[PDB]
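K.L.:
The following block contains the structure, expressed as structure tokens.
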Amino acid sequence: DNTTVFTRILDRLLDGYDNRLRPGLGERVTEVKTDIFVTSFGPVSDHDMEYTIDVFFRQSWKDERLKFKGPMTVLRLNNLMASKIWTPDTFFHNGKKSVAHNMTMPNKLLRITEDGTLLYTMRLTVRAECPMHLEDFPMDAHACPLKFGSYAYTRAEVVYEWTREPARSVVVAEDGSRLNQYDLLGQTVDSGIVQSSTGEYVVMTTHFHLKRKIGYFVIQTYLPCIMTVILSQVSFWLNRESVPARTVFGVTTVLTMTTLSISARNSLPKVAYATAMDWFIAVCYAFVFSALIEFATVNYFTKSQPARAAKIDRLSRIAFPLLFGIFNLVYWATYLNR
Amino acid sequence: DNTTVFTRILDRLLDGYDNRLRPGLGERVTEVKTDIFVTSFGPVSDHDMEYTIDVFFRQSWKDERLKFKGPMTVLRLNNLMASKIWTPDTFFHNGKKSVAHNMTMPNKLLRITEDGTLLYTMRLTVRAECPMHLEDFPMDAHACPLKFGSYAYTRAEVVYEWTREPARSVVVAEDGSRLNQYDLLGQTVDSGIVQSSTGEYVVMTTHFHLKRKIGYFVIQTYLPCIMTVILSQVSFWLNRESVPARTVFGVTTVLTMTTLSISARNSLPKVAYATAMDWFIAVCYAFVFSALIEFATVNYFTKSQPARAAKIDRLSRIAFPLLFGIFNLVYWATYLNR
Amino acid sequence: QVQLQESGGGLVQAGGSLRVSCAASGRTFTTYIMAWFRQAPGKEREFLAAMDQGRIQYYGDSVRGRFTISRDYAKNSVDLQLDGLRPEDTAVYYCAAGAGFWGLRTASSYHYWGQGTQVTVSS
Amino acid sequence: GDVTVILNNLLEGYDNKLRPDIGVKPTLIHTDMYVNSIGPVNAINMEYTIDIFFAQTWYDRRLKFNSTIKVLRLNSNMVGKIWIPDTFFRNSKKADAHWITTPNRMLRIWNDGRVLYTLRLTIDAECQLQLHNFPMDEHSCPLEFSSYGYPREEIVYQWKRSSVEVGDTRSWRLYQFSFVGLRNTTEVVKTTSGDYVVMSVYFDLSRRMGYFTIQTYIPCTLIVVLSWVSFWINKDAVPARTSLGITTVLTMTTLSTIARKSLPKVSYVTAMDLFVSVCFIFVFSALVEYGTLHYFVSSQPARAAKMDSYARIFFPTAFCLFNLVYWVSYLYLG
Amino acid sequence: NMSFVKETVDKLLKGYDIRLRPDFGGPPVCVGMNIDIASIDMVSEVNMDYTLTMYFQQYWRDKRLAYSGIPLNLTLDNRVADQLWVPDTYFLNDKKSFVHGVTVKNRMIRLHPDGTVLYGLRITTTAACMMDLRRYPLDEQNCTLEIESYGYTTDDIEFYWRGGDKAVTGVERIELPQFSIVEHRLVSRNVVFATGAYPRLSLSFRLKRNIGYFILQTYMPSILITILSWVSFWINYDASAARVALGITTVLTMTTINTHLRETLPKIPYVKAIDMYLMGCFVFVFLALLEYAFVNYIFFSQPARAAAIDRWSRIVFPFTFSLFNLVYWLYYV
Amino acid sequence: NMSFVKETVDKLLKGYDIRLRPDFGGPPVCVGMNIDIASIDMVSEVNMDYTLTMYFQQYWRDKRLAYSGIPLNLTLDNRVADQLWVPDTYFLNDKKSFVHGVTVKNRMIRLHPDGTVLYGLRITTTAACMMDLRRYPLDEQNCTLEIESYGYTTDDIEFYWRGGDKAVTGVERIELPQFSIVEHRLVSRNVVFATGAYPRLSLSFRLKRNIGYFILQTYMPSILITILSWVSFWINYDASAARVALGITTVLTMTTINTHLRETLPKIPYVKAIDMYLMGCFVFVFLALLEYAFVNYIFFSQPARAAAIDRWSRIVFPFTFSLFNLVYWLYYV
Ligand SMILES: *[C@@H]1O[C@H](CO)[C@@H](O[C@@H]2O[C@H](CO)[C@@H](O[C@@H]3O[C@H](CO[C@H]4O[C@H](CO[C@H]5O[C@H](CO)[C@@H](O)[C@H](O)[C@@H]5O[C@H]5O[C@H](CO)[C@@H](O)[C@H](O)[C@@H]5O)[C@@H](O)[C@H](O[C@H]5O[C@H](CO)[C@@H](O)[C@H](O)[C@@H]5O)[C@@H]4O)[C@@H](O)[C@H](O[C@H]4O[C@H](CO)[C@@H](O)[C@H](O)[C@@H]4O[C@@H]4O[C@H](CO)[C@@H](O)[C@H](O)[C@@H]4O[C@@H]4O[C@H](CO)[C@@H](O)[C@H](O)[C@@H]4O)[C@@H]3O)[C@H](O)[C@H]2NC(C)=O)[C@H](O)[C@H]1NC(C)=O
Ligand SMILES: *[C@@H]1O[C@H](CO)[C@@H](O[C@@H]2O[C@H](CO)[C@@H](O[C@@H]3O[C@H](CO[C@H]4O[C@H](CO)[C@@H](O)[C@H](O[C@H]5O[C@H](CO)[C@@H](O)[C@H](O)[C@@H]5O)[C@@H]4O)[C@@H](O)[C@H](O[C@H]4O[C@H](CO)[C@@H](O)[C@H](O)[C@@H]4O)[C@@H]3O)[C@H](O)[C@H]2NC(C)=O)[C@H](O)[C@H]1NC(C)=O
Ligand SMILES: *[C@@H]1O[C@H](CO)[C@@H](O[C@@H]2O[C@H](CO)[C@@H](O)[C@H](O)[C@H]2NC(C)=O)[C@H](O)[C@H]1NC(C)=O
Ligand SMILES: *[C@@H]1O[C@H](CO)[C@@H](O[C@@H]2O[C@H](CO)[C@@H](O)[C@H](O)[C@H]2NC(C)=O)[C@H](O)[C@H]1NC(C)=O
């Protein structure tokens, strides 16, 4: 009874309908309302300078060609009718290979109201580029953008707007954080215009602010290097006749520092400049190098000026830990504040 | 005019034909004869407990709706036509992710005889599950199964049979073996019944019997451990006064055994129990540990009871090689004869 | 240790149901094939039925349609429902577990065996 | 309104299996390219990644119309309905178009019959790199495209006024290399099926040296200089000078290790492997010098005293000569 | 008899509208769900997800598909699924999933005379679940799978588990090399989104990690190296090169162990139990080498006091290490 | 002009049966094939495969497509390939392959007035070849590519190379970083399967691995460590710590080198030339340390015998090692 009337409505809307033409073609500028719900802010890949996000993308617009009359003021359809109408050709400017989920059905929904207003929702997994300045690594902060707009329609044809106030137009779930090594501080929502060789286009922008967590590098990298420096300074308390013991101490601490430096630099993306961890390792290397030079000097003045050699060892037992402590205090006070 | 006659027969066969209904629906059980040709038994992955196989899958059944009269008695058909008739919905029960090749065209073939018999062949690559018991690793043997049947039709509607004797219904090519680490001994062919929440189904099964090659583990694990144990018992023949020599000797053979033990587990999958290699390594580690404890005892009793220290060193020079040779005889007679 | 203890058995009057069970202990046989065998007095040991991890049921060509095999994977056990028993079914029924290397229908491929259970049919 | 009538009449009697002017003259195509970003260069696989907007313009007499509308701006729904050139990239290992949330294609038609077709592409293109002069190497990575089926007698390509455009060059993903400039050419390539017009674009890339200079060359120079400092201490034959020599050997070994990680596993010798190996030879020879001097200490006045004076003179000279040949060859000769 | 079936089926599909749900505009359509788990594998700590293979069945009643005159249930070719209405079910935490398609698409459609439709699929899915690894490897995990309708609301569609607690089968037959499934649970609830309410079903498993692999591969080497570092205390204090080499080489071996564990384990930037055990062993060998630093520093002026320190260290180090083990294992087992 | 061509093309495709091969039921259709190789890369020893990119062309005659009145070779849009009969060619040893599709599907269809059809495809494929590595890294491999019809026999289709020995081009423009292509070869034979005889064309290459990388990377470190192990023969036998440390560190370094290269290269559990050379160097340094163990054992009672043993080890070891290297570099080169 009712289904026949609903299908006759559905079989009447697309009579003389062209989905190749936008609503209000030649009479007005099509307006699109957009909002995003982030189900899970996925992983961030430092090696590829990109990140993943799983979202619900909702678009609203008015099409006067689809007005209908009937008891059901709202009609919700899955995908066959939604593929027979006009939809905005939104694309992400900085988006890389993205996925539209198809399990167990196309994750697309089209709702129509009596006045002809359409609502289009889809579930997407967007992978986008996030340029990074890793000079302060691993104490860096980043703002990853997400920019989208219309590929084929200039700003004189299609314009985008947020459904609500821009802050309230992007919503993130409380459990929707999947960041092992980052903290999501917040987001900024913006709109603007881009100019190309084919015309001017409206672009909608979102920025997510991230701050990297450092405890992993502290326990995995910084502490072993500090401990290796302490081991290298342990040699100053051994008697000067123990040439093999102090030589083995020196060469094993050099090999340990080399191993730590290689491991630390084998995880960063290959960027042709030094980071804060590179400077920390370089200073630890120069401290163990100067400790081995100090032993070369002590062994040099032995049997000729034993008093000078003893004085060098006594003063190095004070100077080396003090200089390393001052270096650490300067390093951490400089970088944690900034 | 032969081409036009054949075209007429083709355009006449499918008149009143519904491909959504199996032959004999409501009248009899559809009998499917199946045979398999293995072109390559691909790599076996111990980490994922899976294997790859490339096959020609041949199915044969009778469809009275497709009888014809003409100059020929066998018809070879384009793959576009093979998609217009009803075919069995065969799937592999233990398959993980399989590929049907369509380069440069779909690797399918459908032949129709005059009496109504249909022969349907296809080329497939199947990645299947082979759960393994690794208690005897690397001296273990496995039976990797391959099960297939109908996904939707119960045994009251569709049954499967082998085209020939079950031994001769699965044939492997002479150059089929692509196994670096296994030796394919043979296969056994069977057929059973399974019950699910939707009904009872016929399952056709084949088991491939594999035996692992051990030379790689001989060159990677057993020989370095034996050489390290021999070196640690070589330490017994250095003079007692060479304390640094025997201490460096013992501690470096212990670190070499530790390195080998950590190295070996990477090949092994993450299993709860202990393999035969875990026991061999643990015994070699206990032998070098006891050799360093023996030297600690000799050094402790030196310079106070030299007679006892000499007696301990003389008995250790005999006891350690004898006990290690006996352990090796037991180990390589308990596992090589299974 | 690993023990396959068998229950059930006894005597029946040339018919009726007879559910022979088999409980395992000392090792979980979820990934193994659990089967049933039969040994008539002095003749030979004969394969009866088997069920693997995927619940695929294999039967001998003589007992198909009469004996039903099942496994309780949670309790790590296996049962065999004997129906339409005949005097020729008087024998010692065995429970076995194995990996099915070189054939699941051959008795020489099962690592663990039960102590047996006499089933007598009287007519 | 009437726009649907225009589209219906345009598509009426249209055969998209035939190129425009199939039996009259070759179809002339004007191409444009906007480079969004040039991704990382993979020396191990000898490939690079590029993301572009690709635009093509041509004339189709079958698509003329008369109305007050000057241009018909359309999405990808009509791309499959008209004739499109079968342009492909000859040196591409793997390329794909973007489909989120809709196919990234645009089509514009003018009343005179001119068609503009644009789409977004991500391409992994092949670039064979010669790393003989690493880290002083320069490369020109090409990107070539042509028509797969139509020879030069049927389809001809031509660059427009602004051929290749680049936006924010500082936002690209090149860490190892720096972008210099680009060129675009045209050539005719003879194949087994005919002669085809091939359009190429070359991107010039130069590697930056500040990292490899501050990480390898300077530390190695300072260790070599300290080991020649060691040559006037050797006459003492002291444990300290022996320890100094072996510790400088250890420092050079550490630098050699960090020397052989900044490069792909090429099987030819690079300039960095030569520099590190020569530094290793210099410290090795300084230690053989000490072994000879130590043996020579009793026999020293007759010959080893002048031997050490000559080594004290020859070694800095030979190292300056080596540095002169190395930098001359790699900066002015290769 | 087959022609009558062909006529009846073509009658049913004639005029059928795929764009309208059963009882469109009226009472909601009730959908029952069954899951038959076939295998669970590849529980990845680095990727923080797991792979699941299952048979997913859906049961619902559509009056437009009711037929009479045939006393049979009609299992049709799965391509007829494209000619019917099916629910828009999806998994909320699915990262990547596909339907098997060898030798054909692993799909099933079955019809009943009263109009009930059975719709089956064979699905392999990778589902994301957060893991709290502060107690790793002595940790328990709770990973779920969420089933929801993408477009309809509770005024249109409803979800329930078909069979109660028996709706999911096959968990008892699963064997995981590293984990052991402790329990599974079924939850039914609705989710109030911005577009309205949404029916949801949830299936969760609780996993308890096995320890034998870490015992034989991780903790035993560190324990043995710690015990071997005590061998120095039984060596004479004038053997400076031997005791220094033993102490610093055991330190280097412990560092190598920690570094390679850092290379293989997932990057989890917070303190786990394994890091506490490795750091405690590193502290014990660090203090053992600092003890020999003191002994070497004083064995010439006061050789008797250095011998008494070595003798007391022979007792203090094993006792404090066993006290550390006792405290570690009590707090984590 | 244009309308005449459109009329002719619509006439050709009207009443065309795509399910029927040319000359169906009569003489077999002859298919000529050409290949133009663009690149070869990723010759993987671990996966035992290689990657190939090529332009694959086929040439046959179909009298149903003959046309008159147009003195032109009609190159059509590649979507017309979906409306025409094409051979069911496939590659037997292919593991994974695809046709490029940017900016469109890389496919070509060209017609000729006599009815001849030219069909081109741009294909990237991964082909598997068996590798015999008993002479690694001094090995020579033979990797092929098989071309066959999946469903036609010699009664209906035949294969031949179009152009004789010129059918395959582009081999001389292939630059492998590790191999050099010594030769390539073309074969044509009929494979006798169960369903009947099948035509087959085979193209094979012979690759010879470059050796300069391995001389520097593998053999030289082993040679230099073996020479360094001889330094102890010139050291006084009362310096036990130096000769023991040198011997055991050369033994540990040789074991580390051998096991790392074994773990890095694909697992082929049999004896290769690299293993024979590394074992020979491990034996030489093992006997050198056993020689010092004998000298240290006997150096107290018989110092003169110990010094004579050291002098003879200083002579015998370099000579025996050079004889071992001569045998090695003759039995394989
Ligand atoms: C061996 O077997 C394999 C399979 O195992 C096979 O691969 C498959 O090959 C087929 C072709 O034979 C491919 O199908 C085509 O795909 C084209 C696009 O390819 C991209 O997208 C694929 C996914 O498609 C979805 O999304 C697109 C939009 O992005 C949409 O158009 C599709 O319909 C489809 O959408 C469905 O799914 C989404 C969810 O995902 C739902 O939301 C939606 O509702 C719908 O259900 C994707 O798979 C592709 O990736 C593959 O390929 C790339 C290389 O290209 C590779 O890198 C990847 O790794 C991967 O392999 C790729 O991203 C699509 O355009 C085609 O559609 C054409 O043609 C069909 C058939 O004629 C027609 O029905 C369509 O309508 C359409 O006609 C055109 O389309 C034009 C597009 O611009 C349009 O301008 C025209 O107007 C016209 O469109 C219509 O026009 C009329 C008239 O005006 C109008 O009335 C209509 O409204 C409409 O506008 C076609 O679907 C398939 O994708 C391949 N799959 C894979 C996995 O490779 C391989 O080819 C075989 N080899 C051999 C040798 O046999
Ligand atoms: C892994 O981790 C997940 C997430 O924590 C676990 O999933 C949780 O499991 C528990 C136990 O099953 C769930 O609690 C149950 O929830 C159901 C559903 O309640 C909903 O529907 C009700 C109508 O059917 C409705 O009344 C509820 O609303 C009331 O309750 C909520 C509670 O927050 C409250 O906010 C509302 O205001 C209402 O008061 C709600 O919409 C519920 O039916 C269960 O009740 C049981 O217990 C009560 C006594 O406590 C008893 O009276 C009932 O008869 C019934 O026996 C129960 O509360 C929880 O909802 C799940 N979480 C999520 C997010 O789904 C999962 O179990 C973990 N895995 C493992 C293996 O443990
Ligand atoms: C890319 O191609 C264009 C088109 O051929 C080149 O532009 C031409 O430059 C020459 C001078 O070198 C002028 O005489 C032509 O009039 C230009 N043609 C135009 C603008 O359409 C352009 O130089 C090329 N880019 C290079 C070589 O880097
Ligand atoms: C169309 O194609 C045919 C076939 O390739 C061309 O005929 C060839 O012409 C060359 C040059 O005269 C001859 O050397 C070949 O022997 C011819 N082939 C055959 C099979 O006879 C023909 O020239 C092409 N026509 C055009 C206009 O390009």
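Letters A, B, ... mark the chains of the structure tokens in the order given; residue numbers begin at 1 per chain; ligand numbers begin at 1, in order shown.
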Residue F:231: which residues within 10 Å, counting only C-alpha atoms, same-chain residues fewer than 5 positions away excluded, as a ChimeraX atom specification?

P.N.:
/F:226,243,246-247,314

K.L.:
Would you please give, as a list in words, all residues of stretch 66-211 of chain F that DSSP assigns to helix (DSSP H, G or I) based on the backbone?

P.N.:
residues 78, 79, 80, 81, 82, 83, 164, 165, 166, 171, 172 and 173 of chain F

K.L.:
Now that the selection is made, can you save its residues with C-alpha atoms as an mmCIF file, in the first residue's frame?

P.N.:
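Just written: out.cif:
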data_model
loop_
_atom_site.group_PDB
_atom_site.id
_atom_site.type_symbol
_atom_site.label_atom_id
_atom_site.label_comp_id
_atom_site.auth_asym_id
_atom_site.auth_seq_id
_atom_site.Cartn_x
_atom_site.Cartn_y
_atom_site.Cartn_z
ATOM 1 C CA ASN F 78 41.117 0.489 -26.347
ATOM 2 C CA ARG F 79 37.597 -0.027 -25.004
ATOM 3 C CA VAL F 80 36.791 -1.696 -28.323
ATOM 4 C CA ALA F 81 38.901 -4.564 -27.051
ATOM 5 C CA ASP F 82 35.976 -5.467 -24.824
ATOM 6 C CA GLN F 83 33.871 -6.034 -27.970
ATOM 7 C CA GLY F 164 62.212 -14.852 -35.991
ATOM 8 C CA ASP F 165 65.010 -14.052 -33.563
ATOM 9 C CA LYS F 166 64.082 -10.346 -33.719
ATOM 10 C CA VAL F 171 67.504 -6.889 -23.811
ATOM 11 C CA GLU F 172 70.630 -4.819 -24.512
ATOM 12 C CA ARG F 173 69.108 -1.801 -22.706
#

K.L.:
I need the contact residues of chain B against chain E, so if you could list those with any atom within 7 Å, counting only C-alpha atoms, and return them as a list in words, that would help.

P.N.:
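The complete set of qualifying residues is residues 18, 20, 21, 25, 89, 90, 91, 97, 98, 99, 100, 151, 152, 153, 244, 247, 248, 251, 258, 262, 270, 271, 272, 273, 296 and 300 of chain B.
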
K.L.:
Quick one: contact table of chain D to ligand 1, 7 Å max, nearest atom pair and distance in Å to one decimal per residue, counting only C-alpha atoms and all ligand atoms, chain and number order, as a tab-separated table?

P.N.:
residue	atom	partner	partner_atom_place_in_ligand_line	distance
D:76	CA	ligand 1	85 (O)	4.5
D:77	CA	ligand 1	87 (O)	3.8
D:78	CA	ligand 1	87 (O)	4.5
D:79	CA	ligand 1	85 (O)	3.9
D:80	CA	ligand 1	86 (C)	3.8
D:81	CA	ligand 1	87 (O)	5.7
D:95	CA	ligand 1	57 (O)	6.8
D:96	CA	ligand 1	57 (O)	5.0
D:97	CA	ligand 1	63 (O)	6.7
D:98	CA	ligand 1	63 (O)	6.8
D:99	CA	ligand 1	29 (O)	4.2
D:100	CA	ligand 1	29 (O)	6.6
D:102	CA	ligand 1	29 (O)	5.4
D:103	CA	ligand 1	29 (O)	5.1

K.L.:
Counting only C-alpha atoms and all ligand atoms, what residues are within 9 Å of ligand 3, given as an NGL selection string?

P.N.:
:D and (158-164 or 181-186 or 201-202)

K.L.:
What would the file look like if the residues just selected were written as a tab-separated table (two decimals), in the first residue's frame with N, CA, C and O atoms?

P.N.:
chain	number	residue	atom	x	y	z
D	158	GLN	N	52.21	18.91	-27.78
D	158	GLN	CA	52.91	20.18	-27.83
D	158	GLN	C	52.76	20.89	-26.50
D	158	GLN	O	51.67	20.91	-25.92
D	159	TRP	N	53.85	21.47	-26.01
D	159	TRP	CA	53.80	22.24	-24.78
D	159	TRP	C	53.10	23.57	-25.00
D	159	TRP	O	53.14	24.15	-26.09
D	160	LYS	N	52.44	24.06	-23.96
D	160	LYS	CA	51.77	25.35	-23.99
D	160	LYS	C	52.76	26.45	-23.60
D	160	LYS	O	53.97	26.25	-23.54
D	161	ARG	N	52.23	27.65	-23.34
D	161	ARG	CA	53.07	28.77	-22.91
D	161	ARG	C	53.77	28.43	-21.60
D	161	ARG	O	55.00	28.35	-21.53
D	162	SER	N	52.99	28.23	-20.53
D	162	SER	CA	53.52	27.82	-19.24
D	162	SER	C	53.42	26.30	-19.18
D	162	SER	O	52.35	25.75	-18.92
D	163	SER	N	54.54	25.63	-19.42
D	163	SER	CA	54.52	24.17	-19.54
D	163	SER	C	54.43	23.50	-18.18
D	163	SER	O	53.45	22.80	-17.88
D	164	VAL	N	55.43	23.70	-17.33
D	164	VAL	CA	55.51	23.05	-16.03
D	164	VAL	C	55.55	24.12	-14.95
D	164	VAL	O	56.42	25.01	-14.98
D	181	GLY	N	66.20	23.01	-10.98
D	181	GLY	CA	65.35	23.53	-12.04
D	181	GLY	C	64.82	22.39	-12.88
D	181	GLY	O	65.05	21.21	-12.59
D	182	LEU	N	64.08	22.76	-13.92
D	182	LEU	CA	63.44	21.78	-14.78
D	182	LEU	C	63.58	22.21	-16.23
D	182	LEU	O	63.76	23.39	-16.55
D	183	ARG	N	63.48	21.22	-17.11
D	183	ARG	CA	63.45	21.43	-18.55
D	183	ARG	C	62.37	20.56	-19.16
D	183	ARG	O	61.98	19.54	-18.59
D	184	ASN	N	61.86	20.97	-20.32
D	184	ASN	CA	60.90	20.14	-21.04
D	184	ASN	C	61.27	20.09	-22.52
D	184	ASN	O	61.62	21.12	-23.11
D	185	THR	N	61.18	18.90	-23.10
D	185	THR	CA	61.62	18.69	-24.48
D	185	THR	C	60.55	17.99	-25.32
D	185	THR	O	59.42	17.78	-24.86
D	186	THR	N	60.91	17.63	-26.55
D	186	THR	CA	60.05	16.89	-27.46
D	186	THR	C	60.93	16.04	-28.36
D	186	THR	O	61.97	16.51	-28.83
D	201	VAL	N	60.03	15.67	-19.40
D	201	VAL	CA	60.38	16.73	-18.46
D	201	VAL	C	61.51	16.20	-17.59
D	201	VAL	O	61.44	15.08	-17.09
D	202	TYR	N	62.53	17.02	-17.39
D	202	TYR	CA	63.70	16.63	-16.62
D	202	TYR	C	63.79	17.54	-15.40
D	202	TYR	O	63.66	18.76	-15.53

K.L.:
List all protein, DNA and RNA residues that have any atom at most 12 Å from ligand 2, counting only C-alpha atoms and all ligand atoms, and write the list as a compact mmCIF listing (two decimals) with C-alpha atoms, in the first residue's frame.

P.N.:
# COMPACT_ATOMS: atom_id res chain seq x y z
CA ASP A 175 38.20 7.31 22.71
CA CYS E 129 42.01 -2.44 19.60
CA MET E 130 43.98 -0.37 22.08
CA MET E 131 46.44 -2.29 24.26
CA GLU E 140 45.68 -8.85 29.82
CA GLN E 141 43.97 -7.35 26.79
CA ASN E 142 40.34 -6.78 25.80
CA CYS E 143 39.75 -6.55 22.06
CA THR E 144 36.33 -6.02 20.54
CA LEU E 145 34.39 -5.96 17.29
CA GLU E 146 31.58 -3.45 16.77
CA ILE E 147 28.66 -4.09 14.40
CA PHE E 159 19.82 -5.62 15.80
CA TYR E 160 19.75 -8.63 18.10
CA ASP E 165 24.78 -16.45 24.17
CA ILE E 181 41.39 -16.63 25.07
CA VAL E 182 39.92 -16.39 28.57
CA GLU E 183 36.36 -15.22 27.87
CA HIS E 184 34.10 -13.71 25.22
CA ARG E 185 31.08 -11.47 25.66
CA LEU E 186 28.11 -10.17 23.66
CA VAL E 187 26.70 -6.67 24.27
CA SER E 188 23.67 -5.03 22.64
CA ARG E 189 23.16 -1.27 22.92
CA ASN E 190 22.35 1.84 20.93
CA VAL E 191 24.72 4.69 20.06
CA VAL E 192 23.30 8.23 20.00
CA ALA E 197 20.34 6.71 17.33
CA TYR E 198 22.03 3.63 15.88
CA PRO E 199 21.64 -0.04 16.86
CA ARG E 200 24.90 -1.75 17.76
CA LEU E 201 26.10 -5.21 18.70
CA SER E 202 29.51 -5.84 20.22
CA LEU E 203 31.60 -8.98 20.57
CA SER E 204 34.60 -8.85 22.87
CA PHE E 205 37.38 -11.24 23.83
CA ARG E 206 39.77 -11.12 26.76
CA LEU E 207 43.30 -12.36 26.12
CA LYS E 208 45.96 -13.39 28.64

K.L.:
Determine which residues of chain C sit within 12 Å of chain E, taking into account only C-alpha atoms, and present them as an NGL selection string.

P.N.:
:C and (28-32 or 52-55 or 71-76)

K.L.:
Filtering to C-alpha atoms, could you give me those residues as a JSON list (two decimals), in the first residue's frame?

P.N.:
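That gives us result-v1.json:
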[["chain", "number", "residue", "atom", "x", "y", "z"],
["C", 28, "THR", "CA", 45.22, -29.96, 25.23],
["C", 29, "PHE", "CA", 44.39, -31.59, 21.87],
["C", 30, "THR", "CA", 42.63, -28.62, 20.24],
["C", 31, "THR", "CA", 45.05, -28.57, 17.29],
["C", 32, "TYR", "CA", 45.19, -32.37, 16.98],
["C", 52, "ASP", "CA", 40.22, -32.77, 13.11],
["C", 53, "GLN", "CA", 40.44, -29.18, 14.40],
["C", 54, "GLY", "CA", 38.07, -27.89, 11.70],
["C", 55, "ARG", "CA", 35.30, -30.32, 12.73],
["C", 71, "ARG", "CA", 34.30, -33.62, 20.02],
["C", 72, "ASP", "CA", 33.79, -31.36, 23.02],
["C", 73, "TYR", "CA", 36.65, -28.94, 22.45],
["C", 74, "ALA", "CA", 35.98, -26.98, 25.66],
["C", 75, "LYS", "CA", 36.34, -30.05, 27.87],
["C", 76, "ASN", "CA", 38.93, -31.57, 25.50]]

K.L.:
Would you return as a PyMOL selection string the members of stretch 139-242 of chain F that DSSP assigns to strand (DSSP E) on this structure's backbone?

P.N.:
chain F and resi 140-149+157-161+168-169+179-192+197-209

K.L.:
Each residue of chain D with at least one atom at most 12 Å from ligand 4 should appear once, together with its nearest atom pair and the corresponding distance in Å (one decimal); atoms considered: only C-alpha atoms and all ligand atoms; ordering: chain, then increasing residue number; output as a Markdown table.

P.N.:
| residue | atom | partner | partner_atom_place_in_ligand_line | distance |
| --- | --- | --- | --- | --- |
| D:23 | CA | ligand 4 | 27 (C) | 10.8 |
| D:150 | CA | ligand 4 | 28 (O) | 11.3 |
| D:151 | CA | ligand 4 | 28 (O) | 9.6 |
| D:152 | CA | ligand 4 | 28 (O) | 11.0 |
| D:153 | CA | ligand 4 | 28 (O) | 8.9 |
| D:154 | CA | ligand 4 | 28 (O) | 10.6 |
| D:192 | CA | ligand 4 | 5 (O) | 10.1 |
| D:193 | CA | ligand 4 | 5 (O) | 8.2 |
| D:194 | CA | ligand 4 | 28 (O) | 8.6 |
| D:195 | CA | ligand 4 | 28 (O) | 10.7 |

K.L.:
Select from chain D every residue with an atom at most 6 Å from any atom of chain A, then for each give the shortest pair of atoms and their distance in Å to one decimal, using only C-alpha atoms, rows by chain and rising number, as a Markdown table.

P.N.:
| residue | atom | partner | partner_atom | distance |
| --- | --- | --- | --- | --- |
| D:100 | CA | A:91 | CA | 5.9 |
| D:101 | CA | A:91 | CA | 5.7 |
| D:102 | CA | A:89 | CA | 5.5 |
| D:106 | CA | A:152 | CA | 5.1 |
| D:175 | CA | A:271 | CA | 4.9 |
| D:176 | CA | A:272 | CA | 5.8 |
| D:211 | CA | A:272 | CA | 5.6 |
| D:240 | CA | A:300 | CA | 4.8 |
